[PDB]
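Accompanying notes for the structure given below.
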Amino acid sequence: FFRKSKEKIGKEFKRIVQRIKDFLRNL
Amino acid sequence: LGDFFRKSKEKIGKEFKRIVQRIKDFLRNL
Amino acid sequence: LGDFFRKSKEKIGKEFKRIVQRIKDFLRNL
Amino acid sequence: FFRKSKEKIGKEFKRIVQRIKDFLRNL
Ligand SMILES: [Cl-]
């Protein structure tokens, strides 16, 4: 359960950043 | 039109709620 | 241990809730 | 607002499929 929790934090941050970018580019 | 504007506004609002829900979840749980 | 098991179970449950919430949202709104 | 709504359906389906895969692979 070590670096996988850290790996999860990074994927979730990336997922939200992507979603925000998509929204702004559309409007 | 008219209903096209309403559906577009509804879809925008729902996506804004999706972002806010994801942000809250990330900040509280990580 | 003990609290390691509880936190692991909690994290698993939360991820299961994340999936169910996303599925519901997809099916109802698309 | 044409094919972008269709484009959104496909990204969301892909996002859920990915999340389910990640969960199953972990346990
Ligand atoms: Cl997502």
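By order in the structure tokens, chains are A, B, ...; within a chain, residues start at 1; ligands start at 1, following the order shown.
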
Only residues of chain D matter here; which ones have an atom within 9 Å of chain A, counting only C-alpha atoms? Give them as a CSV table (one decimal) with N, CA and C atoms, in the first residue's frame.
```csv
chain,number,residue,atom,x,y,z
D,4,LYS,N,-19.0,17.8,-30.2
D,4,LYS,CA,-18.3,18.0,-28.9
D,4,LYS,C,-19.1,17.3,-27.7
D,15,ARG,N,-12.9,7.4,-19.1
D,15,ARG,CA,-12.5,7.7,-17.8
D,15,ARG,C,-13.0,6.7,-16.7
D,26,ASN,N,-5.7,-3.2,-8.5
D,26,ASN,CA,-5.2,-3.1,-7.1
D,26,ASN,C,-5.9,-4.2,-6.2
```

Once chain D is superposed on chain A with a least-squares fit on all C-alpha pairs taken in order, can you show it as a PDB file with C-alpha atoms, in the first residue's frame?
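Contents of part.pdb, freshly written:
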```
ATOM      1  CA  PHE D   1       0.000   0.000   0.000  1.00  0.00           C
ATOM      2  CA  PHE D   2       3.193   2.207  -0.194  1.00  0.00           C
ATOM      3  CA  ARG D   3       3.906   4.415  -3.310  1.00  0.00           C
ATOM      4  CA  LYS D   4       0.529   3.381  -4.898  1.00  0.00           C
ATOM      5  CA  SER D   5      -1.352   5.876  -2.607  1.00  0.00           C
ATOM      6  CA  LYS D   6       1.160   8.542  -3.817  1.00  0.00           C
ATOM      7  CA  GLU D   7       0.624   7.301  -7.435  1.00  0.00           C
ATOM      8  CA  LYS D   8      -3.185   7.725  -6.906  1.00  0.00           C
ATOM      9  CA  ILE D   9      -2.763  11.388  -5.630  1.00  0.00           C
ATOM     10  CA  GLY D  10      -0.876  12.287  -8.843  1.00  0.00           C
ATOM     11  CA  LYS D  11      -3.436  10.612 -11.191  1.00  0.00           C
ATOM     12  CA  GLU D  12      -6.387  12.354  -9.447  1.00  0.00           C
ATOM     13  CA  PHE D  13      -4.655  15.768  -9.579  1.00  0.00           C
ATOM     14  CA  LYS D  14      -3.905  15.178 -13.318  1.00  0.00           C
ATOM     15  CA  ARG D  15      -7.579  14.101 -13.942  1.00  0.00           C
ATOM     16  CA  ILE D  16      -8.976  17.335 -12.334  1.00  0.00           C
ATOM     17  CA  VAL D  17      -6.386  19.592 -14.159  1.00  0.00           C
ATOM     18  CA  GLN D  18      -7.439  17.892 -17.495  1.00  0.00           C
ATOM     19  CA  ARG D  19     -11.207  18.348 -16.745  1.00  0.00           C
ATOM     20  CA  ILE D  20     -10.715  22.085 -15.814  1.00  0.00           C
ATOM     21  CA  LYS D  21      -8.644  22.641 -19.062  1.00  0.00           C
ATOM     22  CA  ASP D  22     -11.386  20.961 -21.219  1.00  0.00           C
ATOM     23  CA  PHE D  23     -14.112  23.135 -19.593  1.00  0.00           C
ATOM     24  CA  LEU D  24     -12.157  26.424 -20.046  1.00  0.00           C
ATOM     25  CA  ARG D  25     -11.300  25.589 -23.723  1.00  0.00           C
ATOM     26  CA  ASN D  26     -14.999  24.940 -24.464  1.00  0.00           C
ATOM     27  CA  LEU D  27     -16.275  27.874 -22.179  1.00  0.00           C
TER      28      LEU D  27
END
```

Output the contact residues of chain C with respect to chain D at a cut-off of 7 Å, based on only C-alpha atoms, as a PyMOL selection string.
-> chain C and resi 19+22+30

Would you kindly report the residues of chain C within 9 Å of chain B, using only C-alpha atoms, as a PyMOL selection string?
-> chain C and resi 11+14+29

Include N, CA and C atoms and write out the residues we just selected as a compact mmCIF listing (two decimals), in the first residue's frame.
```txt
# COMPACT_ATOMS: atom_id res chain seq x y z
N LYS C 11 -10.17 3.48 2.44
CA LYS C 11 -9.72 3.90 1.10
C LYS C 11 -10.39 3.07 0.00
N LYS C 14 -14.18 4.17 -0.19
CA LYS C 14 -14.26 5.48 -0.80
C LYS C 14 -14.10 5.40 -2.32
N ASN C 29 -27.07 11.50 -16.92
CA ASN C 29 -26.76 12.70 -17.71
C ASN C 29 -26.08 12.48 -19.07
```
